[PDB]
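Student: To start, I am sharing the structure in question, which I have written as structure tokens.
All Cβ positions, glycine included, derive from the backbone under ideal geometry; neighbour counts span all protein chains shown. Since every read-out is calculated from the coordinates, none of them should be taken as a lab result.
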Amino acid sequence: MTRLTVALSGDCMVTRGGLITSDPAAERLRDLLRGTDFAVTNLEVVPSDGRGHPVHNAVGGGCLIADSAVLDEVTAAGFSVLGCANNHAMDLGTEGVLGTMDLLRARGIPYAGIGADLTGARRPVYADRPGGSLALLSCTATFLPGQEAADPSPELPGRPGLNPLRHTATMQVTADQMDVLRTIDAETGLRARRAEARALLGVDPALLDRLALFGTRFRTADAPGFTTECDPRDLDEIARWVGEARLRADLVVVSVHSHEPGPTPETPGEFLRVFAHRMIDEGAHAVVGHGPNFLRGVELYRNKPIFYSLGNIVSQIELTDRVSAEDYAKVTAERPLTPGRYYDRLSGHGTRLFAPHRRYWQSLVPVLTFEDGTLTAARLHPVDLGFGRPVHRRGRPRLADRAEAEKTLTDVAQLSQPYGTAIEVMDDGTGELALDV
Amino acid sequence: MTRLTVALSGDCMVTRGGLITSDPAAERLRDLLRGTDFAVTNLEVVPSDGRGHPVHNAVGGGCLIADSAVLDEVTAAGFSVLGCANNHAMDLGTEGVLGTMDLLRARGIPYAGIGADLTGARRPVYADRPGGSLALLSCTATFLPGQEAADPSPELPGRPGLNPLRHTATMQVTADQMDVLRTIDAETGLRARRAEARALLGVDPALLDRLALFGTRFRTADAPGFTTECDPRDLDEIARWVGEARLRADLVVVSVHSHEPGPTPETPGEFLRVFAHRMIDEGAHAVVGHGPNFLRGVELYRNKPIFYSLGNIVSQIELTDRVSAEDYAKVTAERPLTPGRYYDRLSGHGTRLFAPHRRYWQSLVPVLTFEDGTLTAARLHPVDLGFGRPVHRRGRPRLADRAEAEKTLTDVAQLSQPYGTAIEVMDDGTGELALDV
Amino acid sequence: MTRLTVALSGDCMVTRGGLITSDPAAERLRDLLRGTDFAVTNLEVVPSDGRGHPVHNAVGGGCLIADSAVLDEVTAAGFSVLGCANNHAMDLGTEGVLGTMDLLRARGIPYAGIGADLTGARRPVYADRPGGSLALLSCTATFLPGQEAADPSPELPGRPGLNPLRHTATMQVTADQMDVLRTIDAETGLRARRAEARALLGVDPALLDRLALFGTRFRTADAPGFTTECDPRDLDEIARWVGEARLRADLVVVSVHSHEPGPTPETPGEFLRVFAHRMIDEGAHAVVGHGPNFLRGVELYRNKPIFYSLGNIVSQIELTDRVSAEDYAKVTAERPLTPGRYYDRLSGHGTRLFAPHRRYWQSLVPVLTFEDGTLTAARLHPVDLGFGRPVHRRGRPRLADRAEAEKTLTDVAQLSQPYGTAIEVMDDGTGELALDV
Ligand SMILES: [Ca+2]
Ligand SMILES: [Ca+2]
Ligand SMILES: [Ca+2]
């Protein structure tokens, strides 16, 4: 009865115009996006007209702020529903995220994942088309503490921010390793410095047999190990809104940002897999992931796709003309630097960071087809971002040529193999997931 | 010489985008509306950008507030002249109705029935087209007391609000029933509590042989009965403006909102029939009614049509994302509710309110043709609103298929039979009124 | 250890300057007020600079709006903490009450009973002095429905308004009287007009053996009677904030507005007595009442005073220069009226309303002395408002002369006798309550 198509993509880090070049492979990507009912991307940049102040985001790679005109490039490329919860949305602070919401609403762009308070950041956004409706929810597990939005109290307003998916890590250690840690705690005098916190709260906050030292949670175990788990509040709250969106839309897509690695950099964190299964358990039709700036595996769970990371769909970090003073300070310089010179010195003249490795310049655009909520097709379109090209040309997306698309499709198939996912391959380098329906 | 077509419709309770789906029956409804000279609907929702505060409208079913973008859906569907006097226009208070007027005027949408003062709410609006002009007046007989607009004094401004059609109800009781009422008044001690109101005003305000007790008017009569009558001020004032509009437009349409039932729910209140006859007596070319959220009869009076209720042309109450705190309090909940969950619990999981009954999901769009003020045709187009479909899909209008349109046309013919109205029926399920001209 | 004095007063209906005349008895009243630690009055007028729109408050006697300069007269007279919850605070709507809050905060005047949302209207205000602190809470049981403030929801803001003390009245009727009421319901056809409300909600909303007809609650009883009861929500919420204020101030005063009469006009409603006992049960040090524009009895409950009504401390209703158009319409006139002529015709040229009766022009200012929360003194100062004087001079307060103060003190003693209250009388006409401490 109802038949809807959804295009998915990863980090859209756009800082320049001319996003879609005159290359036929780039114009064919825009044609692909425009031809779908909904095209989702993750706005990994703060569009700005001047509102806000730069926050110190050194671990995030610096501030990512661009002229608000890049929003026109995003929409003209074909993207129609934006996810905004990520580790850069708060780069201009609470005033910046309020400026972003204003810019998006003035341009008529549906967005989710940020809000004036926590509920607004958690809400889904409903995009209505003549053929049906899509609900988008957006959250992130990577962000500086405090950047999460807050709901109001009877006496104070909330706080603008992002929709959080918090998680805790626990270090499993043997009983002998545990005794050495507490010995180090006592002998270094650190336990003595918690003496008054014991008197104020009534008990040692390091004694939970659990243990909290150096801002890290330790637990006695049979063998050493490492475990992660979602925050129960965030998991239940996000799941709650997913069930709400299922009643009011044909399709529910959950967009999650997560840099956190598993046992190996290409595997997702264990908490992210639990989160993705829960979202589909609550009624989501797809889970699209991003963060690590490279591709990760694709899992089919209860006949619904989980894309743990679609990498970057646009990557123009080194082309931003907005570098904060704290970011400049990370590069020792004998003279004041211009933005382009700053990034050249930051990457060691191109010998480190994202430039030398091909994984940061391959992408994937899935196009899913649903019929009455059932997944009937999941096409895979590999995207090339121009590895090895000059800094001013790399980062713009185009449909990969046959040879490169096959390499990307092989990578995705290999990353998806632990989940039992199979891929059919076309002659042009595109492919599609093998479905059970 | 002059030949004009007017499409009429009922309550437009729009809260979502994609009002006209990709269904050919829905696209053919937009084609029908766009093809007329004037398409009138009743804006039964407050479009908002944030101005105002929710009023407690529990008897009205709750607050009905939507993103102001729904105005674009109304105009793109084909509606061109809006009536705004109804029991929801004041859902965001005087500031909300001032915000609505701003939104409508910024989008170039003609409207009537609300204003900054009582005269502005009473005025007609003149919609001019190359083929002629239509004057629309809009009033409502259902609203919370005080919501009516007010005119200024020499010392104070007026009050923003709606154009009212007030009415009083009188309970006819036998003389023995009357004596019991006054006995109950005296013996319960209620008459004692009016002792000082007697001293301040000079007489008992319950002694009018009329009688006013429990905020109700009682009158001695031969047999028990029930009578209603329009407020003389509102009837003369509205009639006054109708005569004004007749001098300045080719066509004068009066739009009246009224939930009030007659002896049976499908019959209009006796005052509404007197009002409708008066409007045509003063020179109106048509009277379009709405309120009860279902269809009522059609009457031809002095060769002019009276549509006592065209039901809902759009019905998306359960899809609103704006639920006030007082509205939430009507549903006892062990945890905070989302809007969709709140409406599911309010309707008893769909077992009560408007969902179980088909009458709330059938509609009618008449298209009238006038030639020099004379009615020469009155086509009837039954509209389906999707009974039994999921909550996120029902409420959007489309031209009913042959089988359903014939059922709707039978209902209208039956509801119109007490007025002597006859209908010709086409092969597709549409029809037209039998005219005397 | 701590010793604090509190002056109390009733309705302050000020609309003109020169509140304290050059009469030594008036200057001695200001000296009395200025000499206390806290002087409480009820602001029974909307101070305005132009913000808002007049609401239709016919049952309240019309709109009561004045130049905001009257706030300077209130403070210069000696009043220092204002209560604002009453049936006139909303005379200019939600915008007017927001304008009042702005005016009060710009002048540094502590106030309670109105707010931007329901919680702000319920909160106490803390007035701090070098000798200690007083917490004031303000609520009203007389107001037009909907004027109560509202708290926000996750999706909509609250509503500015007043702190409500709602209550329900039940008419006790015999079983035979009950059967006549339902017979009148069925035979008049009124029960037939609820036919669809039965289909929508699932049951007749008039069948609760209780019964709800004509917007009135009826109950079968042994004998006819009349009972009132506080709204459980308002009683528990107000009591909740009283317990909060007790922790943060030396003294807690609850100011309640109530026109509702008991079995006789001088007795308070039964619900008001239950409310007053509860407030002191929760930790309030005094309950000051007002509304009826005349004096009522004084009760000592658990060694804490309850003043059910202190009448008017200022009464200049007929001197307002702001008469709304709806208020003008209550007087049939052959020519447009000026404010003074309008009030002369409204009172029948002075032969009715408040002018002919002395009870509306006598007042009382109690001055309470507390020592560590214990009431050690309660002086009574009768106030004269100028009965029989010209309209432009009556309504301004002054300490009553010996002869008139003794008459007022006799009235208070008589009104307080049913509660077992005794009064000592001084030679000047003032007095004090007989305390058990
Ligand atoms: Ca990131
Ligand atoms: Ca209605
Ligand atoms: Ca009053």
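Student: Measure of size requested: the Rg and Dmax of the range C:84-225, with Cα atoms as the atom set and Å as the unit; please supply both.
Tutor: Spelled out, the Cα radius of gyration and Dmax of the range C:84-225 are 21.8, 70 Å.
Student: Towards the positive end of the charge dipole of the range A:368-437, with charges on Cβ (+1 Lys, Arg; -1 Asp, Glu), say which of A:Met426, A:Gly373, A:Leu409 has the farthest Cα.
Tutor: Working it through, the farthest residue towards the positive pole turns out to be A:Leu409.
Student: Still on this model: Order by neighbour count: B:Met90, C:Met1, fewest other Cβ atoms within 10 Å first, most last.
Tutor: Working: B:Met90 28, C:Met1 5.
With the fewest neighbours first, B:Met90, C:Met1 line up as C:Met1, B:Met90.
Student: Another question about this same structure. How long are the semi-axes of the equivalent ellipsoid of the range B:293-341, defined as square roots of 5 times the Cα gyration tensor eigenvalues? Whole Å, largest first. Provide the component values of the computation, followed by the final result.
Tutor: On the way: eigenvalues 311, 21, 13 Å².
So the three semi-axes of the range B:293-341 are 39, 10, 8 Å.
Student: Could I ask something else about it? Could you please point out the chain A residue with its Cβ nearest to the axis of the rotation taking chain A onto chain C, and the distance in whole angstrom?
Tutor: A:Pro152, 4
Student: Once the convex hull of the alpha carbons of the range B:251-385 is built, what does its volume come to per residue, in cubic angstrom?
Tutor: On the way: hull volume 18.0 nm³, N = 135.
Cα-based convex hull of the range B:251-385, divided per residue, equals 133 Å³.
Student: Using the Cα centre as the reference, give the magnitude of the dipole from point charges on the C-beta atoms of the protein assembly as shown (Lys, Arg: +1; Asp, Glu: -1; all else neutral), rounded to the nearest 20 debye.
Tutor: Details: 138 positive and 171 negative charges, 186 e Å.
With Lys and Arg at +1 and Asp and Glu at -1, about 900 debye.
Student: Please provide three numbers in whole Å: the alpha-carbon extents of the range B:1-108 along the principal axes, with the largest listed first.
Tutor: Computed over the range B:1-108, the largest-to-smallest principal extents equal 46, 35, 27 Å.
Student: Among C:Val323, C:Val287, C:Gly340, whose Cα sits farthest toward the positive end of the charge dipole of the range C:256-342 (+1 at Cβ of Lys/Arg, -1 at Cβ of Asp/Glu, about the Cα centre)?
Tutor: Of C:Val323, C:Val287, C:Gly340, it is C:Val287.
Student: May I ask you to report, in nm to one decimal and beginning with the shortest, the distances from A:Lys330 to the same position in the other copies, taking label points 7 Å along Cα-to-Cβ?
Tutor: Result for A:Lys330, in nm, nearest copy first: 5.4, 7.2.
Student: How much of the pair distance distribution for the range A:187-248 lies past 19 Å, counting alpha-carbon pairs only, in percent? Provide the component values of the computation, followed by the final result.
Tutor: Values: 1088 of 1891 pairs.
Tail of P(r) above 19 Å: 58 percent of Cα pairs.
Student: Continuing with the same structure: Over the Cα atoms of the range A:269-308, each weighted equally, I'd like the Debye log10 I(q)/I(0) at q = 0.16, 0.29, 0.31, 0.36 Å⁻¹, rounded to two decimals.
Tutor: Treating every Cα as an identical point scatterer, log10 I(q)/I(0) equals -0.35, -1.04, -1.14, -1.36.
Student: If the viscosity is 1.002 mPa s and the temperature 20 °C, what translational diffusion coefficient in µm²/s does Stokes-Einstein give for the range A:18-69 when Rh comes from Kirkwood over Cα pairs? Mind showing how you got there, number by number?
Tutor: Working: Rh = 13.9 Å.
Here the translational diffusion coefficient equals 154 µm²/s.
Student: Name the residue farthest towards the positive end of the dipole of chain C from the options C:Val203, C:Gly225, C:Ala106, assuming +1 on Cβ of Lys and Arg, -1 on Cβ of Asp and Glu, about the Cα centre.
Tutor: Most positive-ward Cα: C:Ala106.
Student: At 10 °C and 1.306 mPa s, grab the translational diffusion coefficient of the range C:251-293 from Stokes-Einstein with a Kirkwood Rh over Cα pairs, rounded to a whole number in µm² per second. If you can, show how the numbers build up before the last one.
Tutor: On the way: Rh = 10.7 Å.
In µm²/s, the coefficient rounds to 148.
Student: At a Förster distance of 25 Å, what's the computed FRET efficiency of A:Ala329 paired with A:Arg389, Cβ-Cβ distance as r, to 0.05?
Tutor: Numbers: r = 30 Å, r/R0 = 1.19.
Efficiency, from the Cβ-Cβ distance: 0.25.
Student: Charges at C-beta only: +1 for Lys and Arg, -1 for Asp and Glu. How large is the resulting dipole of the range B:364-437 about its Cα centre, in Debye rounded to 20?
Tutor: Dipole of the range B:364-437, to the nearest 20 debye: 660 debye.
Student: In addition: Suppose we take every Cα in the range A:210-312 and form the convex hull; what volume per residue is that in Å³? Before the final figure, lay out the partial values.
Tutor: Details: hull volume 12.9 nm³, N = 103.
Residue-normalised Cα hull volume stands at 125 Å³.
Student: I need the P(r) histogram for the range C:323-399: all alpha carbon pairs, bin width 5 Å from 0 out to the longest distance, whole percents.
Tutor: In whole percents, the pair-distance histogram is 3, 13, 17, 15, 12, 12, 8, 7, 6, 5, 2, 1, 0.
Student: Bin width 10 Å, origin at 0, all Cα-Cα pairs of chain B: what percent of pairs per bin?
Tutor: For chain B, the binned pair fractions read 4, 20, 30, 25, 14, 5, 1, 0 percent.
Student: Hey, another quick one. For the protein assembly as shown, take the convex hull of the Cα atoms, compute a quarter of its surface area, and give me that in nm², please.
Tutor: Mean projected area for the protein assembly as shown: 61.0 nm², to one decimal.
Student: Quick one: label points 7 angstrom along Cα→Cβ at C:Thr410, distances to the other copies in nm, smallest first?
Tutor: C:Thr410 label point versus its equivalents elsewhere: 8.5, 11.4 nm.
Student: Further, regarding this structure: Every other copy gets compared here: list the nm distances from the C:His357 label point (7 Å along Cα to Cβ) to its counterparts, shortest first, one decimal.
Tutor: 4.8, 8.8
Student: Treat the count of other C-beta atoms within 10 Å as a stand-in for reagent exposure and order A:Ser315, B:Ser9, C:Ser48 from fewest to most. Show your work: numbers first, answer last.
Tutor: Details: A:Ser315 26, B:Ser9 30, C:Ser48 20.
If I rank by nearby Cβ atoms, fewest first, I get C:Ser48, A:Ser315, B:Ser9.
Student: Take every DSSP beta bridge whose two residues both sit in the protein assembly as shown, then give the antiparallel share in percent to the nearest 5.
Tutor: Here the share of antiparallel DSSP bridges comes out near 55 percent.
Student: Sticking with this structure for a sec: Given a cut-off of 18 Å, what percent of all Cα-Cα pairs of the range A:317-367 lie beyond it?
Tutor: Details: 500 of 1275 pairs.
In whole percent, the share of Cα-Cα pairs in the range A:317-367 beyond 18 Å is 39.
Student: Next question, about the same structure. From the alpha carbon gyration tensor of the range B:171-217, can you work out the equivalent ellipsoid semi-axes (sqrt of 5 times each eigenvalue) and give them in Å, largest to smallest? Don't jump to the answer; show the numbers that get you there.
Tutor: Details: eigenvalues 76, 31, 12 Å².
So the equivalent ellipsoid measures 20, 13, 8 Å along its semi-axes.
Student: When DSSP assigns beta bridges and you keep just the ones with both residues in chain B, what percent turn out antiparallel, to the nearest 5?
Tutor: Details: 46 of 82 bridges.
Counting only bridges with both partners in chain B, antiparallel ones make up about 55 percent.
Student: OK, next. Out of every Cα pair in the range C:373-426, what percent are spaced more than 15 Å from each other?
Tutor: Working: 828 of 1431 pairs.
Tail of the P(r) past 15 Å holds 58 percent of the pairs.
Student: Please report Rg over Rh for the range C:147-281, where both radii come from the alpha carbon positions and Rh follows the Kirkwood definition.
Tutor: Numbers: Rg = 19.6 Å, Rh = 18.2 Å.
Ratio of gyration radius to Kirkwood radius for the range C:147-281: 1.07.
Student: Compute for the range A:1-41: radius of gyration divided by Kirkwood radius, i.e. Rg/Rh, restricted to C-alpha atoms, rounded to two decimals.
Tutor: Values: Rg = 12.2 Å, Rh = 11.7 Å.
So for the range A:1-41, dividing Rg by the Kirkwood Rh gives 1.05.
Student: Kindly state, to the nearest 0.05, the FRET efficiency for A:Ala25 paired with B:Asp372, given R0 = 60 Å and r defined as their beta-carbon distance. Show your work: numbers first, answer last.
Tutor: Working: r = 64 Å, r/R0 = 1.06.
Approximately 0.40, to the nearest 0.05.
Student: Something else: Please report the antiparallel percentage of DSSP beta bridges with both residues in the range B:70-196, rounded to the nearest 5.
Tutor: Details: 8 of 12 bridges.
The answer is about 65 percent antiparallel.
Student: Moving on. For C:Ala69 and A:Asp72, FRET efficiency with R0 = 41 Å and r from the beta-carbon atoms, rounded to 0.05?
Tutor: Values: r = 54 Å, r/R0 = 1.31.
Result of the calculation: an efficiency of 0.15.
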